[PDB]
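Here is the structure we will look at.
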Amino acid sequence: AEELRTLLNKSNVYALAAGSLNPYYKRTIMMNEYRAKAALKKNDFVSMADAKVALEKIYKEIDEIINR
Amino acid sequence: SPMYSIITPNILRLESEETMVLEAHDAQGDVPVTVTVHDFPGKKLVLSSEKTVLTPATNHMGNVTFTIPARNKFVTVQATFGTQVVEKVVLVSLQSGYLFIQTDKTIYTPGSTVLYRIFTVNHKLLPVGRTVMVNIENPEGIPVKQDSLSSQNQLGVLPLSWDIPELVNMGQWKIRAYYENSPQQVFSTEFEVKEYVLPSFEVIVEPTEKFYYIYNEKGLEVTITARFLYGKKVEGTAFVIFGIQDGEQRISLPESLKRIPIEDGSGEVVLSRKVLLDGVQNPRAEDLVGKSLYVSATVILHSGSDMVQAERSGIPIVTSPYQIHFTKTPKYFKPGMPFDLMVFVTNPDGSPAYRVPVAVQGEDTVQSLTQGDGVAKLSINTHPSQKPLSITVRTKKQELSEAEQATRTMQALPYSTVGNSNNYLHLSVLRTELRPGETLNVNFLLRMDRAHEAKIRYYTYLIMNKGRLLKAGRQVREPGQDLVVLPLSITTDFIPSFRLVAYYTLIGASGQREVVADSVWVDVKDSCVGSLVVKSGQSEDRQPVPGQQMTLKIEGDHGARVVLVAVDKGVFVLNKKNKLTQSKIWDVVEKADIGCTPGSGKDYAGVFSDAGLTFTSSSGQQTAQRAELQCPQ
Amino acid sequence: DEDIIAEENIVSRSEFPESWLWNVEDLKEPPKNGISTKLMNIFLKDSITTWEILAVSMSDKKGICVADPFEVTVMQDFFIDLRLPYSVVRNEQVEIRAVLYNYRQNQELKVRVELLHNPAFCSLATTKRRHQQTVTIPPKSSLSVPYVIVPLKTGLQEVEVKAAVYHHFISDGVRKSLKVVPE
Amino acid sequence: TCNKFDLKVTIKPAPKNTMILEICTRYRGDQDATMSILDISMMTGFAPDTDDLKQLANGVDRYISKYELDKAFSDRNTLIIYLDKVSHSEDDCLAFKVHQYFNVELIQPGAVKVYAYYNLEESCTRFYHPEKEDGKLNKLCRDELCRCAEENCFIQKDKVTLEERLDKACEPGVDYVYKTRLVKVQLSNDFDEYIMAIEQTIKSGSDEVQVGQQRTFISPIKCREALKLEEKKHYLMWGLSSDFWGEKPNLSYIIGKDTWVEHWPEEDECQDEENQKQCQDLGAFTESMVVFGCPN
């Protein structure tokens, strides 16, 4: 959907914060930016939903970690 | 005649609560006791306090816990009952408690940092504030660093470290630690320094039996297991050679060396009976019994990229699958009074064997089955004999053969009575495993002539635990009752084992004062007092990943300080020695018992000393004086 | 290349302790049946192995208690094992193996693996030309990629290989260090 | 050092590409060794002649797990030959052919390693390559120090224009540009040494070298065919600051993967109607660099 492309946007904001944090995080985003980008460029429903969930999730974990 | 009697441990500890057990026998109404511990010899009054009164409401039985501050040192205890004053001289020990040391790993590289903790605790395992010396000895025994640190307000835990210089002696280092006050009592862990790199997988060799039977012609059959430290099964090729050890001498059996593939993480190999004998070739097979075997496996991944060596050692050569042990059975029997044997049946490696029937010589029915802890209890009867008792227990495992059964012999001497009064006491309890929370029936059996049995209206029982007096009470008894039963409740306070010793006293023979006593050692199922689980707190889900956050759940005792550490399981492929374990602890704790005999003694005075107690009376009956710091041997 | 992860984007794994989590927690946690329960948030080290966690408690009421180990296995469908030796001799040419593991159940992998450039080493990687093979790896199976190199200067010198798989957006890289020691 | 096992590895072509990989590791002891092994690795792109594997596979004191013998070209870049025993008298020898399927330029030397199973320490590693000496790549070692010399060499010998020159010569790394004379030439086993006088200092970075001072440039002997530098002629070159060898001002220079080579015709040579174009480009390069400097 579009709702994904919206999330992608936040990726730069999140990766910026995720630099205090284990390499894992700033690396999950990478992994899922390439996925988002390339799925949005095929309109595959499965690959986009997949990625939409991956972002939502990793951002949330990043949220939680940062709040503490 | 009132008799006043005074009981305390054989050995008294400094800066810790000991208990004195005060008694008034054949006495009327209130009696005031003032108890006192002075230096030896002379007068200093290392502790005056502690005063109490015995009442017919408490049948004249009393505590009073005292604390002694703080060549071999001795104190003089001295309790005054009214005017009559009883005094005994007890041995003292500067040993504050225990030390346990933890190293983050078992093995280290030059130029890394050894992380180690030191736990400071008293003789009852609780944390303590003290001053300790620590020493890192090199492998040739040279102290090469020492910190003198105090664990006051440290809450039992002393974190330390030491960086190994890049330039240093390879081999087994030691960390030796002792209390400032008890420099003779030292504590040690080891750790290997070595040049190495963590392998990527582990290799496991187990014989299909934890021993070799010298007439089993199939030989010694082995399985070799390989598997990357992350789960997945290993594909490769493996070299396994055997060898014989006796006792620190090893002899390889080159003719035994085999190369076998490892497929789906497994290969198989055998040391034919043939090659073993042709290999050592001592005149006869039976020569090898008592010697041990080893399998040495070396596994090469197919890439050639990684390789790993590994060993199972000390597989005993045996004529029998078992061994019998009277180390838990008292060596003194009471003529005319049943003699209980705790037969301890182990496997060849050392583990307890379970469900193993054992019987005495002939027997000829009898028989009883070994329990979980590898203990079964046979009871035979004794006569009016004073000659030594020589019992022999053979295992009666079906499916075996007279050849293969184990055997063993032991001997008890009779308990000597006061001028041959043929008065005795016999404690029996049920042999089954004991957990805290359960309750234990302690059978009090009494032997004496009906002409005098009625004078015995009570027994006194003292529970010994970790070398301190833990509980003492009175077990009543109505004339005619030969057997009475005190239902003892087992709490965590009892771990990891306790001795129960009990005594009745009367005037008898010719208006003669007689103390008659027995004792018995009972094993509690070893475990933590509190608890400590470390589980995943990541409710649900699947594997975690490099770098990821992970949640841990810690379940343990309130307000307890917990210290962690995490180790690459590859470290353990290289060295699995010298790891810290609740078991290694309790074992330390048992090896510090002031009690020496599994129960009973040569006479009343023995029963006490052997169990770790001292006994003293206004009449003069009492234990010998213990002046030795350890048990005899 | 077409449809893979760009080398510059791959942040290598680097933190491979033999031990860690050398921490200290009190259990003041409002108890609940003489049983207190803490939760603890740790960040796993990039090693792909099985951590064995050991806890030891100390209560002035209950004494000392050593727990049973708690194992934790840390894994990835796809990853590099960069098997270096403990040490090497300055100016001696040695080979190292970069072992590639593909753990997907039935789903091979087209992977490009690269030995990064170090001026502290001499390899077919120079400041302008890369050293990438492109290999295909069967499912549940591993691949060994050798690398000849020569240490130039002594000290604690570091080797790095990365790798990504095509069409999939999996990626991984390892940066271990070893000891260069004089002739 | 190969203390316990004498090892000789030989790569010669065959009688797609394919060649003969041979060897022989003698045991330096008084008797024969325990089952021993070779961790064999391949020049990039080669895979064993599966057939030649089985001739090895059934042999006496020879085995390759039916695991490896079976992988084939596919992706079998490792394989282990289990030689039951070993010699100390002469040398257990064996060989086999490799076909580097999928020809691809700039290959890697194979590293054959042998050890007695029970001891990874007492082992060894010898390399090989179709065109390299005993498998060692090309390095330049002057005493305790060293560097890499297995790249390509001097800058590329598609046109060679004038906009193109003013570019490169103003990228960051570039720390000098000189017009020079090749004074003396000293050659030796490892590194040649072209001592050159600096005739005019076009750009000037860290080196505080004047015009005429004379500095010293080095090069691996495997870099002479393609350099053909000639005493007494003139030259314009430039290099990176990362090509400085030594400590002032007895740093020599390195002709390297990013060092520029160009022959500056004499002053009266600028006349040939085939020379002029290079004689005007360069003057129209000298003139820009000296006036304007570099953009950034």
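As a length-normalised measure over Cα pairs under 8 Å and 6 or more apart, the relative contact order of the range B:423-527 settles at 33 percent. Exposure proxy ranking for D:4, B:396, based on other Cβ atoms within 10 angstrom of each Cβ and starting from the fewest, stands as B:396, D:4. Please identify, among C:158, C:18, C:92, the residue showing maximal mean-square fluctuation in a Gaussian network model of chain C using a 10 angstrom Cα cutoff. Of the options given, C:18 has the highest mean-square fluctuation.
When DSSP beta bridges are restricted to pairs lying wholly in chain B, around 95% turn out antiparallel.
In order along the range B:211-218, phi translates into HN-Hα couplings of 4, 10, 8, 5, 10, 6, 6, 4 Hz, rounded to whole numbers, per the Karplus curve 6.51 cos²θ - 1.76 cosθ + 1.60 with θ = phi - 60° and x for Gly and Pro. Here the contact order of chain C, divided by its residue count and restricted to Cα pairs under 8 Å and six or more residues apart, works out to 26 percent.
Our summary gives the range B:528-591 a relative contact order of 32 percent, counting only alpha carbon pairs under 8 angstrom and 6 or more residues apart. Each residue of the range D:283-295 was assigned a 3J(HN,Hα) from its phi angle through the Karplus expression (A = 6.51, B = -1.76, C = 1.60, θ = phi - 60°), giving x, 8, 9, 3, 5, 5, 4, 8, 7, 8, x, 10, x Hz with x at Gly and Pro. Which pairs in the list D:136/D:168; B:105/C:32; B:73/B:174; B:233/B:569; B:233/D:71 are over 23 Å apart, alpha-carbon to alpha-carbon? Beyond 23 Å: D:136/D:168; B:105/C:32; B:73/B:174. In this simple spin-label approximation, residue B:133 and residue D:160 carry label points 7 Å from Cα along the Cα→Cβ vector, and these lie 8.1 nm apart.
Looking at the protein assembly as shown, the DSSP beta bridges with both ends there are about 95 percent antiparallel. A cut-off of 5 Å between modelled amide H atoms, ignoring neighbours fewer than 5 places along the same chain, links residue D:40 with D:79, D:81, D:113. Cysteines in the protein assembly as shown lacking any other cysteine Cβ under 4.7 Å from their own Cβ: D:153, D:223. Can you pick out the pairs among C:38/C:61; D:139/D:179; C:128/C:162; A:10/B:553 whose Cα atoms lie more than 23 Å from each other? The pairs that break the limit, which is 23 Å between Cα atoms, are D:139/D:179; A:10/B:553. Across the range D:214-221, coupling constants 3J(HN,Hα) worked out from phi with the 6.51/-1.76/1.60 Karplus curve, θ = phi - 60°, read 5, 10, 10, 10, 10, 5, x, 4 Hz, and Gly and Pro carry x. Amide hydrogen proximity for residue D:176: with H placed 1.01 Å from N in the peptide plane, the residues at 5 or more positions away or on another chain lying under 5 Å are D:239. Once backbone amide H atoms are built at 1.01 Å from N, residue B:396 has B:358, B:359 as its partners under 5 Å, excluding neighbours fewer than 5 places away on the same chain.
Straight-line cross-link reach from residue C:110 at under 13 Å between alpha-carbon atoms covers these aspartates and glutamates, not counting any fewer than eight positions away in the same chain: C:1, C:2, C:3, D:75.
Neighbour counts run over all protein chains shown; Cβ positions are idealised from the backbone, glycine included. No value in this document is a laboratory result; all are computed from the given coordinates.
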